[PDB]
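These notes are about the structure you will find just below.
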2 protein chains.
Amino acid sequence: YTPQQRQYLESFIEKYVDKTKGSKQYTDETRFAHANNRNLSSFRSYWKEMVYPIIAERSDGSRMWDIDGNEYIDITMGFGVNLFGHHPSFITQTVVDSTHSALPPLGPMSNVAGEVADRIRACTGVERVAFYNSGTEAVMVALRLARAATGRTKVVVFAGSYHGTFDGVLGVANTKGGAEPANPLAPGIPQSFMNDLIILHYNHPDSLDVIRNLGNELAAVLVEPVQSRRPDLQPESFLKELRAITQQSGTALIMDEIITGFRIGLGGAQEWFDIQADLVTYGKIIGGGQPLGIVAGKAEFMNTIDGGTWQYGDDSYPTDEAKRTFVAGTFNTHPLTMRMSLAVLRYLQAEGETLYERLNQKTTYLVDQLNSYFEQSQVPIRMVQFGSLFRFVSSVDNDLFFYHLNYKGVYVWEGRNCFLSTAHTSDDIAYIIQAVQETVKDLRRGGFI
Amino acid sequence: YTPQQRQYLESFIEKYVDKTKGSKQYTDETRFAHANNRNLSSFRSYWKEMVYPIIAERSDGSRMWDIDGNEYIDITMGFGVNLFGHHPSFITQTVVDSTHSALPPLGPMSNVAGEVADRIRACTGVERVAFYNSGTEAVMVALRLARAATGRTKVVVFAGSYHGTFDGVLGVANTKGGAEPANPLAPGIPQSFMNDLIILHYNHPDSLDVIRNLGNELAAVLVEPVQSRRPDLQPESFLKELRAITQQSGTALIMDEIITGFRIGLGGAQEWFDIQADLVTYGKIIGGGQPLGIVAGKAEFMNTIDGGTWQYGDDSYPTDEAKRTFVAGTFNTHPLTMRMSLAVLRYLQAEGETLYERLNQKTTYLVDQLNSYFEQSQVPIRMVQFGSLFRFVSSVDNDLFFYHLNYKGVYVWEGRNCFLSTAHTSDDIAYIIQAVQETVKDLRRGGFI
Ligand SMILES: *Cc1c(COP(=O)(O)O)cnc(C)c1O
Ligand SMILES: *Cc1c(COP(=O)(O)O)cnc(C)c1O
C-alpha cells in the first residue's frame, strides 16, 4: 500500500469496526465453542481486525438488522432462498397454522408431500419427485440414481460449478486435463473419491468431444446450467448439444437447479433453455425458508428410489428392483417443510408469470444503471446477471469494495452471490445504486482505482 | 401356509385394509409423483394388498392420528427425534415466539449458535461444536475432519451399524474379512467410495487385533457405541480398549451418537460408558423436531473446520491452516433450528437427571413386563433395550407381527426401532403391553406360533 492507501484503510477500519463491534465481539467470544468455516471469511493478517461475519438479530422483507442495530438492504437473501423477501405473509401464516393444528409428526409418511410433488410436476415438467434434507444431499442422491440406473460409475462435472459438499463432487481438474481423474479440492477428501470424477471446462467445445467420446462409460454429466459464479455465461448451444450427446449415449443429464430453480422462472433453467434433463436437483427457494433438497426427473432414473411403480388388485411388482439403490433420511418430508413448500408453490402458481417478469426486470434495471455508471465514470467494475441473481466483476480489491457496501447498509455475504427479491422496492434499488456510487467515489479518493 | 393360516391371513388383510384404506389410497395416488423408498416396506406379492405406509394427519404427546382418523400410541417417535413426545409445550412456544419476533434470516451468522454450542459443551464435554443439516451430513463431515487432521484415508466401521447415507459408509465387508476393502451396499454406490472403508465385527475381540495390526494407517474408527439394530449389545470393555488403542495410534475415535446422544442421558453414550471420543456426531433429538446434525469433539480434530482459533489484539492466526478442509451449507445454523435446539438444551439442563431416570425406568418396566409375558406364555419373542430405545427379537414372522401391532393402534415404522418418550403415560404403557399380548393371542389362534 501507498501511504495514501494505508491512511485511508486505517481510517476506514476504525469506522467499520466501531459500527459492527458487536458482531466482532460475538465472533471472538464464540469462535472456539462454535466451530464454523465462515469465521475465516476474507482473512488477511494486516486487516484481521475487520475479518468477521455480520451477526443478524432481525429481518423483514428486503431488510436485515444486525446485533449492533444497523439496518441493511439485504441482497444476500438467504443465499438465494428468500425469493419473496424475509417473512412473506404466506410463509408466516403457514408457521402460525402449524402451532394450532396438532401437526402430524416425523415417522409416518406425509399427508402433504403428495400435493407438493404434484405441484412441482405442474411447475417444472419432471415426472417423479423425491425429498431430502439439503441441496448437498439431493446432489449426492442424484449421482447415486444415475449410477444405479446406468450401471456405470464415471461422472463429469464442470470446473467452476458448485454442487454442494458431497465428497464425490469436491475435486479440481487434473494437471493433464481431458478425461483423467480429479484431484481432491482440500485435505480430508481421499483420492479414491475422485477416481470416478472428471472435471471439464464449461462451454469449451472440446469438452463436448470428451463427453461424446466417453460415451457409454459415463453414468452422468452433472451441469450447473448457469453457474452462480458466472451468471453471464448462459451457453444454450452448449447445453442443447450436451442434451443431444447424453440422450444418444444413455448418460444421465443432471441439471443442478438449486439456485436457478423457481428463480429465473417457474420452470427454472430447463424452461428458460427449453431443455429437459433426466434428473434435476432443487433446493433453496423451494423450502420456503425451511431446509430442503429435492431430486426429481424421469422415471427411468427416479425408479431406482422405489424400484418403480405398481398397482393394487393385480400381479404387478416393482420392475426396476434390481437397480434400486439405498436412500433414507430422518428429516425427509418434514411436516412443516412440506407445508412451507406447498405455500410457495401455491403462491407462485397463483401469481403467474408476472411475478418473474417484474422481478427479472427490476434486476435488469439495477444491472443496467450500475453498468452505465461504471462506463460513464470509467470504473473497472461490471455487473453480470441471470434473472434475479447478479454479481460484481472487478479488478479493484473485491474484499475492500464489499466492506464498503456492507458499511453503507447493503448486506453482501462473503460468497458474493447477490439476489433481488419481490420485496425490494424502487427506493431499495436506488439505495443500492447510491451505495455503490459512493463506494467508487471513496475508493477513488483513497487511491484504490 | 396351512389352510388355517391362509384363512387367518385373508381375514386379517381384509380388516387391516378396511381400517387403513385411506393410507392405501393416498399411497396409490401419490406413488408415481412422490418417489419414496418407504413405499416398498415389507412388500410381498402374496399380501401386497396391505403393503403401504401409514399416512399421518395429526399428533400430540404420545399419540398420532392417521388420515383415516385412527388413533395410535406412537412408539416410533420421529425415529427417535421426539424424546418429549409430539409438540412439547416448550417447543410449541419457540415456534410461536418465532412468528411474532421478526426472526433473523439465513445469510448472516447466527446470534444464538454460540449459546447452543456452549450448552452442548456443558452437557457432553466436547470442546468445539459445528452445525450441519442432517446426521448423514454430520457423519460425512466427521470423516473428512478425521482424514484432514490425520492425513490418512482408511476408516473402520462395524457391520450392523447405521451411519446415514453418505456413500463412503454404505458398504458390506469384503468377502475376505479382516483389513480388506468393503464392497458397495447397493447399486449406484461405486467401488471407489469403498476402497478407503473397512467393515469389522462389532464386539469381537479379534476386530481390535485387526485394528491394532493396522497401526498408524487408520484415519478413524467410526463406532455406533450401541447399535440401534442391537440395543442389548453394550460392550463397555470393547469400547474402553478401542479408545485406548486409537489414542495411542493417533487415530480418530468417532462415536456416532445421533440416536444415543441426549437419549440414554444428558451426556449420551460417552457419559454412560465414561469414554471421551475424539469426534462425536449428534442429531435427531438435538434439533427439537427441526432437522439437525452436529459434529463436535476435540480441537485437534475440529480445528480442520476453521483452521483453529485466534484472538483480536495480537498476531495470532489459524495455526492448522494447512489441514483446513472444505465445508459449507446453506441451511447451517438455521434461525428456527438453533432456537429449538436451545430450548431442548435449556429444558434438559433444568429438568436434570431424574428426567432420564424416570424415562429409562419406564422403558425397563415395559421391557420386563413383555419379557415376563413372553416367558410365561412360552412365546419365542424377546425384548432388548438401551435406555428408552427398544426392539422386539423374534423367530415369528416379524412383518406379520408388526402389521398386528399397527392394526391395534401402536405405531411402529418399518425400521422397527422403538422409543418411549417422556409423554408416554401409565395408560399408554399398559395399552402397548395389551396390544402385544392380544397380538400373540391372535397369532397363536391363527396358527402362527
Ligand atoms: C447451494 C447450492 C448447492 C448445495 O446446497 P445446500 O442446501 O447448501 O447443500 C448445490 N448446488 C447449487 C447449484 C447451489 O447453489
Ligand atoms: C438416523 C441416524 C443417522 C443418519 O441421520 P439422518 O439425520 O437421518 O441423516 C446416522 N447415524 C445414526 C446412528 C442414526 O441413528
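Chain identifiers are assigned as A, B, and so on, following the order in which chains appear in the C-alpha cells; residues are numbered from 1 within each chain, and ligands are numbered from 1 in order of appearance.
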(request) Find the residues near segment 328-336 of chain B: any atom within 8 Å, counting only C-alpha atoms, skip ones fewer than 5 places away on the same chain, and give them as a list in words. (result)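 My list of contacting residues is residues 37, 78, 79, 134, 136, 164, 165, 284, 290 and 291 of chain A; 95, 98, 103, 104, 105, 106, 109, 110, 112, 113, 131, 132, 133 and 290 of chain B.
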Got time to write the residues from that selection, N, CA and C atoms, as a tab-separated table (two decimals), in the first residue's frame?
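Final output, out-v5.tsv:
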```tsv
chain	number	residue	atom	x	y	z
A	37	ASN	N	-16.65	-22.59	9.47
A	37	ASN	CA	-15.69	-22.16	8.45
A	37	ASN	C	-15.85	-20.69	8.11
A	78	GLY	N	-30.64	-14.85	2.05
A	78	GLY	CA	-30.52	-16.25	2.43
A	78	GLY	C	-29.81	-17.10	1.39
A	79	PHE	N	-28.79	-16.55	0.73
A	79	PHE	CA	-28.01	-17.25	-0.29
A	79	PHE	C	-28.86	-17.62	-1.50
A	134	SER	N	-31.05	-31.34	2.14
A	134	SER	CA	-30.20	-30.23	1.74
A	134	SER	C	-29.95	-30.37	0.25
A	136	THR	N	-26.97	-30.38	-0.94
A	136	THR	CA	-25.86	-31.33	-0.93
A	136	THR	C	-26.37	-32.76	-0.98
A	164	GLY	N	-22.63	-28.39	-3.90
A	164	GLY	CA	-22.70	-28.84	-2.52
A	164	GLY	C	-21.40	-29.46	-2.04
A	165	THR	N	-21.48	-30.14	-0.89
A	165	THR	CA	-20.29	-30.59	-0.18
A	165	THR	C	-20.14	-32.11	-0.12
A	284	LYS	N	-32.99	-24.51	-1.92
A	284	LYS	CA	-33.08	-23.08	-1.59
A	284	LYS	C	-34.53	-22.56	-1.61
A	290	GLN	N	-37.42	-23.17	5.01
A	290	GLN	CA	-37.04	-24.42	5.66
A	290	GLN	C	-35.97	-25.13	4.83
A	291	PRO	N	-35.12	-25.92	5.48
A	291	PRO	CA	-34.13	-26.71	4.73
A	291	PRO	C	-34.82	-27.70	3.81
B	95	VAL	N	-41.82	-22.04	18.52
B	95	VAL	CA	-42.39	-21.75	17.21
B	95	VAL	C	-43.28	-20.51	17.28
B	98	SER	N	-41.31	-17.39	17.32
B	98	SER	CA	-40.68	-17.11	16.04
B	98	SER	C	-41.61	-16.40	15.07
B	103	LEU	N	-37.75	-13.01	13.11
B	103	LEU	CA	-36.57	-13.86	13.21
B	103	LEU	C	-35.45	-13.38	12.28
B	104	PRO	N	-34.19	-13.46	12.69
B	104	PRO	CA	-33.09	-13.17	11.76
B	104	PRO	C	-33.10	-14.16	10.61
B	105	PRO	N	-32.47	-13.81	9.50
B	105	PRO	CA	-32.57	-14.65	8.31
B	105	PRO	C	-31.37	-15.56	8.15
B	106	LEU	N	-31.50	-16.56	7.28
B	106	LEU	CA	-30.31	-17.15	6.69
B	106	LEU	C	-29.52	-16.06	5.98
B	109	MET	N	-24.48	-14.69	10.00
B	109	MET	CA	-24.26	-15.73	11.00
B	109	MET	C	-25.25	-15.59	12.16
B	110	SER	N	-25.38	-16.68	12.93
B	110	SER	CA	-26.43	-16.80	13.95
B	110	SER	C	-26.03	-16.10	15.24
B	112	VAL	N	-27.41	-16.95	18.09
B	112	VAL	CA	-27.79	-17.90	19.13
B	112	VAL	C	-26.92	-19.15	19.13
B	113	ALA	N	-26.21	-19.44	18.03
B	113	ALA	CA	-25.47	-20.70	17.95
B	113	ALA	C	-24.34	-20.77	18.98
B	131	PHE	N	-22.36	-27.17	13.20
B	131	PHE	CA	-23.76	-27.45	12.90
B	131	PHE	C	-23.97	-27.65	11.40
B	132	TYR	N	-24.61	-28.76	11.04
B	132	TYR	CA	-24.92	-29.10	9.65
B	132	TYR	C	-26.40	-29.51	9.61
B	133	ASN	N	-26.81	-30.17	8.54
B	133	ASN	CA	-28.23	-30.21	8.20
B	133	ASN	C	-28.88	-31.57	8.34
B	290	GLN	N	-36.77	-29.94	14.55
B	290	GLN	CA	-36.18	-29.38	13.34
B	290	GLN	C	-35.02	-30.27	12.86
```
(request) Would you mind writing down, as a ChimeraX atom specification, each residue of segment 122-314 of chain B that DSSP on the backbone assigns to strand (DSSP E or B)? (result) /B:128-132,154-158,171-172,183-184,197-200,218-223,252-256,279-283,288,290,293-297
(request) Please provide as a list in words all residues within 9 Å of residue 388 of chain B, with the sequence filter that same-chain residues fewer than 3 positions apart are discarded (counting only C-alpha atoms). (result)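 Skipping anything fewer than 3 positions along the chain leaves residues 83, 263, 264, 356, 359, 360, 361, 362, 363, 364, 385, 418, 419, 420 and 421 of chain B.
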(message) Please determine, counting only C-alpha atoms and all ligand atoms, which residue among B:114, B:177, B:107, B:289 has the shortest atom-to-atom distance to ligand 1.
(response)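 Smallest separation from ligand 1 among the options: B:107.
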(request) Would you please give, as a PyMOL selection string, all residues of segment 272-376 of chain B that DSSP assigns to helix (DSSP H, G or I) based on the backbone? (result) chain B and resi 272-273+284-287+299-302+321-323+335-351+353-376
Now that the selection is made, can you save its residues with C-alpha atoms as a PDB file, in the first residue's frame?
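The result, written out as part_16.pdb:
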```pdb
ATOM      1  CA  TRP B 272     -22.812 -43.737  30.066  1.00  0.00           C
ATOM      2  CA  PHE B 273     -19.608 -45.623  29.220  1.00  0.00           C
ATOM      3  CA  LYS B 284     -32.339 -36.415  15.923  1.00  0.00           C
ATOM      4  CA  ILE B 285     -33.269 -35.200  19.473  1.00  0.00           C
ATOM      5  CA  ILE B 286     -30.933 -32.200  19.491  1.00  0.00           C
ATOM      6  CA  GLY B 287     -32.886 -30.311  16.797  1.00  0.00           C
ATOM      7  CA  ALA B 299      -9.896 -29.086  18.910  1.00  0.00           C
ATOM      8  CA  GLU B 300      -7.139 -31.265  17.419  1.00  0.00           C
ATOM      9  CA  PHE B 301      -9.789 -32.582  15.007  1.00  0.00           C
ATOM     10  CA  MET B 302     -12.392 -29.796  14.946  1.00  0.00           C
ATOM     11  CA  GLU B 321      -4.451 -23.837   8.152  1.00  0.00           C
ATOM     12  CA  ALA B 322      -2.523 -26.457   6.162  1.00  0.00           C
ATOM     13  CA  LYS B 323      -5.047 -29.068   7.369  1.00  0.00           C
ATOM     14  CA  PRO B 335     -32.559 -19.455  12.930  1.00  0.00           C
ATOM     15  CA  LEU B 336     -35.539 -21.584  13.958  1.00  0.00           C
ATOM     16  CA  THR B 337     -33.485 -24.763  14.375  1.00  0.00           C
ATOM     17  CA  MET B 338     -30.927 -23.049  16.617  1.00  0.00           C
ATOM     18  CA  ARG B 339     -33.703 -21.703  18.828  1.00  0.00           C
ATOM     19  CA  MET B 340     -35.359 -25.120  19.068  1.00  0.00           C
ATOM     20  CA  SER B 341     -32.029 -26.695  19.955  1.00  0.00           C
ATOM     21  CA  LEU B 342     -31.524 -24.038  22.626  1.00  0.00           C
ATOM     22  CA  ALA B 343     -34.992 -24.829  24.000  1.00  0.00           C
ATOM     23  CA  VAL B 344     -34.182 -28.544  24.183  1.00  0.00           C
ATOM     24  CA  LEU B 345     -30.895 -27.875  25.973  1.00  0.00           C
ATOM     25  CA  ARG B 346     -32.400 -25.410  28.464  1.00  0.00           C
ATOM     26  CA  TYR B 347     -35.209 -27.834  29.294  1.00  0.00           C
ATOM     27  CA  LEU B 348     -32.873 -30.819  29.690  1.00  0.00           C
ATOM     28  CA  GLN B 349     -30.445 -28.857  31.837  1.00  0.00           C
ATOM     29  CA  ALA B 350     -33.264 -27.552  34.055  1.00  0.00           C
ATOM     30  CA  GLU B 351     -35.051 -30.907  34.418  1.00  0.00           C
ATOM     31  CA  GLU B 353     -31.025 -36.382  35.778  1.00  0.00           C
ATOM     32  CA  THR B 354     -34.416 -37.555  37.061  1.00  0.00           C
ATOM     33  CA  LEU B 355     -35.900 -36.956  33.599  1.00  0.00           C
ATOM     34  CA  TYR B 356     -33.710 -39.746  32.263  1.00  0.00           C
ATOM     35  CA  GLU B 357     -34.076 -41.886  35.370  1.00  0.00           C
ATOM     36  CA  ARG B 358     -37.877 -41.881  35.054  1.00  0.00           C
ATOM     37  CA  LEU B 359     -37.845 -42.465  31.296  1.00  0.00           C
ATOM     38  CA  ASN B 360     -35.281 -45.268  31.459  1.00  0.00           C
ATOM     39  CA  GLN B 361     -37.128 -46.885  34.371  1.00  0.00           C
ATOM     40  CA  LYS B 362     -40.409 -46.690  32.424  1.00  0.00           C
ATOM     41  CA  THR B 363     -38.778 -48.437  29.447  1.00  0.00           C
ATOM     42  CA  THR B 364     -37.226 -51.077  31.698  1.00  0.00           C
ATOM     43  CA  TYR B 365     -40.687 -51.765  33.143  1.00  0.00           C
ATOM     44  CA  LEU B 366     -42.236 -52.190  29.692  1.00  0.00           C
ATOM     45  CA  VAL B 367     -39.377 -54.441  28.567  1.00  0.00           C
ATOM     46  CA  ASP B 368     -39.530 -56.529  31.742  1.00  0.00           C
ATOM     47  CA  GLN B 369     -43.325 -56.868  31.579  1.00  0.00           C
ATOM     48  CA  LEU B 370     -43.228 -58.033  27.970  1.00  0.00           C
ATOM     49  CA  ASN B 371     -40.354 -60.432  28.532  1.00  0.00           C
ATOM     50  CA  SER B 372     -42.186 -61.909  31.533  1.00  0.00           C
ATOM     51  CA  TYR B 373     -45.326 -62.321  29.428  1.00  0.00           C
ATOM     52  CA  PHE B 374     -43.319 -63.999  26.647  1.00  0.00           C
ATOM     53  CA  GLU B 375     -41.718 -66.370  29.150  1.00  0.00           C
ATOM     54  CA  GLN B 376     -44.996 -67.201  30.910  1.00  0.00           C
TER      55      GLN B 376
END
```
(request) Determine the nearest neighbour of ligand 1 from the options A:87, A:408, A:243, A:230, counting only C-alpha atoms and all ligand atoms. (result) A:230
(message) Show me, as a list in words, the residues that have an atom within 12 Å of residue 29 of chain B when counting only C-alpha atoms, minus same-chain residues fewer than 4 positions from it.
(response) residues 111, 113, 114, 115, 117, 118, 309, 310, 311 and 312 of chain A; 22, 23, 24, 25, 33, 34, 35, 39 and 52 of chain B
Go ahead and write the selection's residues with C-alpha atoms as a PDB file, in the first residue's frame.
```pdb
ATOM      1  CA  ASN A 111     -50.072 -36.288   4.058  1.00  0.00           C
ATOM      2  CA  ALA A 113     -45.831 -34.357   0.239  1.00  0.00           C
ATOM      3  CA  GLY A 114     -48.085 -35.860  -2.460  1.00  0.00           C
ATOM      4  CA  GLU A 115     -49.557 -32.473  -3.343  1.00  0.00           C
ATOM      5  CA  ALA A 117     -44.860 -33.448  -5.735  1.00  0.00           C
ATOM      6  CA  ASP A 118     -47.956 -32.884  -7.929  1.00  0.00           C
ATOM      7  CA  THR A 309     -44.484 -48.182  -9.501  1.00  0.00           C
ATOM      8  CA  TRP A 310     -47.095 -50.924  -9.301  1.00  0.00           C
ATOM      9  CA  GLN A 311     -50.826 -51.256  -8.693  1.00  0.00           C
ATOM     10  CA  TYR A 312     -53.144 -52.900  -6.220  1.00  0.00           C
TER      11      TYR A 312
ATOM     12  CA  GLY B  22     -57.213 -44.072   3.262  1.00  0.00           C
ATOM     13  CA  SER B  23     -53.482 -44.638   3.704  1.00  0.00           C
ATOM     14  CA  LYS B  24     -53.648 -47.275   0.976  1.00  0.00           C
ATOM     15  CA  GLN B  25     -55.456 -44.899  -1.381  1.00  0.00           C
ATOM     16  CA  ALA B  33     -45.312 -38.389  -8.397  1.00  0.00           C
ATOM     17  CA  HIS B  34     -43.756 -38.724  -4.925  1.00  0.00           C
ATOM     18  CA  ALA B  35     -40.954 -41.273  -5.255  1.00  0.00           C
ATOM     19  CA  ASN B  39     -43.426 -47.324  -0.093  1.00  0.00           C
ATOM     20  CA  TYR B  52     -48.288 -49.266   2.188  1.00  0.00           C
TER      21      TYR B  52
END
```
(request) Name all residues at most 6 Å from residue 57 of chain B (count only C-alpha atoms; drop same-chain ones fewer than 6 positions away) and give them as a ChimeraX atom specification. (result) /A:104 /B:65-67
Can you check which parts of chain B lie within 6 Å of ligand 2? Per residue, the shortest pair of atoms and distance in Å to one decimal, counting only C-alpha atoms and all ligand atoms, sorted by chain and number, as CSV.
```
residue,atom,partner,partner_atom_place_in_ligand_line,distance
B:134,CA,ligand 2,7 (O),4.0
B:135,CA,ligand 2,5 (O),3.5
B:136,CA,ligand 2,9 (O),3.5
B:162,CA,ligand 2,13 (C),5.2
B:163,CA,ligand 2,11 (N),3.6
B:164,CA,ligand 2,4 (C),3.7
B:224,CA,ligand 2,13 (C),5.9
B:256,CA,ligand 2,13 (C),5.3
B:257,CA,ligand 2,13 (C),5.9
B:258,CA,ligand 2,12 (C),4.7
B:259,CA,ligand 2,15 (O),4.5
B:283,CA,ligand 2,7 (O),6.0
```
Restricting it to N, CA, C and O atoms, dump the selection as a PDB file, in the first residue's frame.
```
ATOM      1  N   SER B 134     -28.118 -32.606   8.663  1.00  0.00           N
ATOM      2  CA  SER B 134     -28.662 -33.940   8.869  1.00  0.00           C
ATOM      3  C   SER B 134     -27.593 -34.742   9.592  1.00  0.00           C
ATOM      4  O   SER B 134     -26.431 -34.331   9.644  1.00  0.00           O
ATOM      5  N   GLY B 135     -27.993 -35.880  10.163  1.00  0.00           N
ATOM      6  CA  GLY B 135     -26.992 -36.769  10.730  1.00  0.00           C
ATOM      7  C   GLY B 135     -26.051 -37.299   9.665  1.00  0.00           C
ATOM      8  O   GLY B 135     -24.836 -37.420   9.887  1.00  0.00           O
ATOM      9  N   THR B 136     -26.603 -37.577   8.481  1.00  0.00           N
ATOM     10  CA  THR B 136     -25.836 -38.003   7.316  1.00  0.00           C
ATOM     11  C   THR B 136     -24.727 -37.009   6.999  1.00  0.00           C
ATOM     12  O   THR B 136     -23.567 -37.398   6.803  1.00  0.00           O
ATOM     13  N   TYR B 162     -25.430 -48.231  11.645  1.00  0.00           N
ATOM     14  CA  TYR B 162     -26.024 -47.319  10.678  1.00  0.00           C
ATOM     15  C   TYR B 162     -25.433 -45.936  10.903  1.00  0.00           C
ATOM     16  O   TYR B 162     -25.404 -45.447  12.035  1.00  0.00           O
ATOM     17  N   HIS B 163     -24.955 -45.316   9.825  1.00  0.00           N
ATOM     18  CA  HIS B 163     -24.299 -44.019   9.940  1.00  0.00           C
ATOM     19  C   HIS B 163     -24.827 -43.004   8.925  1.00  0.00           C
ATOM     20  O   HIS B 163     -24.135 -42.026   8.626  1.00  0.00           O
ATOM     21  N   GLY B 164     -26.045 -43.184   8.415  1.00  0.00           N
ATOM     22  CA  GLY B 164     -26.553 -42.280   7.403  1.00  0.00           C
ATOM     23  C   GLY B 164     -26.282 -42.788   6.000  1.00  0.00           C
ATOM     24  O   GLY B 164     -25.901 -43.947   5.782  1.00  0.00           O
ATOM     25  N   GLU B 224     -20.744 -46.938  16.260  1.00  0.00           N
ATOM     26  CA  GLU B 224     -22.052 -46.695  16.852  1.00  0.00           C
ATOM     27  C   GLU B 224     -22.013 -47.331  18.239  1.00  0.00           C
ATOM     28  O   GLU B 224     -22.138 -48.557  18.336  1.00  0.00           O
ATOM     29  N   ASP B 256     -20.702 -42.262  16.868  1.00  0.00           N
ATOM     30  CA  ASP B 256     -21.947 -41.795  16.261  1.00  0.00           C
ATOM     31  C   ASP B 256     -23.052 -41.845  17.305  1.00  0.00           C
ATOM     32  O   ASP B 256     -23.627 -42.904  17.578  1.00  0.00           O
ATOM     33  N   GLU B 257     -23.356 -40.687  17.883  1.00  0.00           N
ATOM     34  CA  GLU B 257     -24.380 -40.558  18.912  1.00  0.00           C
ATOM     35  C   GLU B 257     -25.664 -39.931  18.376  1.00  0.00           C
ATOM     36  O   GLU B 257     -26.392 -39.269  19.125  1.00  0.00           O
ATOM     37  N   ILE B 258     -25.966 -40.139  17.093  1.00  0.00           N
ATOM     38  CA  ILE B 258     -27.144 -39.490  16.532  1.00  0.00           C
ATOM     39  C   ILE B 258     -28.420 -40.042  17.171  1.00  0.00           C
ATOM     40  O   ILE B 258     -29.374 -39.290  17.389  1.00  0.00           O
ATOM     41  N   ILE B 259     -28.415 -41.300  17.610  1.00  0.00           N
ATOM     42  CA  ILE B 259     -29.523 -41.850  18.389  1.00  0.00           C
ATOM     43  C   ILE B 259     -29.243 -41.800  19.886  1.00  0.00           C
ATOM     44  O   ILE B 259     -30.103 -41.399  20.667  1.00  0.00           O
ATOM     45  N   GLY B 283     -27.609 -35.715  16.517  1.00  0.00           N
ATOM     46  CA  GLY B 283     -28.684 -35.448  15.591  1.00  0.00           C
ATOM     47  C   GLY B 283     -30.007 -35.724  16.268  1.00  0.00           C
ATOM     48  O   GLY B 283     -30.097 -35.723  17.498  1.00  0.00           O
TER      49      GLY B 283
END
```
(message) Applying 7 Å and only C-alpha atoms, which residues near segment 425-438 of chain A remain after dropping the ones on its own chain fewer than 2 positions away? List them as a PyMOL selection string.
(response) chain A and resi 73+366+370+405+408+410+423+440-442
(request) Show which residues sit within 8 Å of residue 226 of chain B, as a count of residues only. Count only C-alpha atoms, and ignore same-chain residues fewer than 5 positions away. (result) 8
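Among the candidate residues B:327, B:294, B:185, B:149, the one lying nearest to ligand 1 is B:327, with distances computed using only C-alpha atoms and all ligand atoms.
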(message) When you count only C-alpha atoms and all ligand atoms, which of these residues is closest to ligand 1: B:137, B:68, B:414, B:28?
(response) B:137
(message) Nearest residue to ligand 1 out of A:210, A:91, A:242, A:223, using only C-alpha atoms and all ligand atoms?
(response) A:223
(message) Just checking: using only C-alpha atoms and all ligand atoms, which residue out of A:318, A:215, A:409, A:415 ends up closest to ligand 1?
(response) A:415
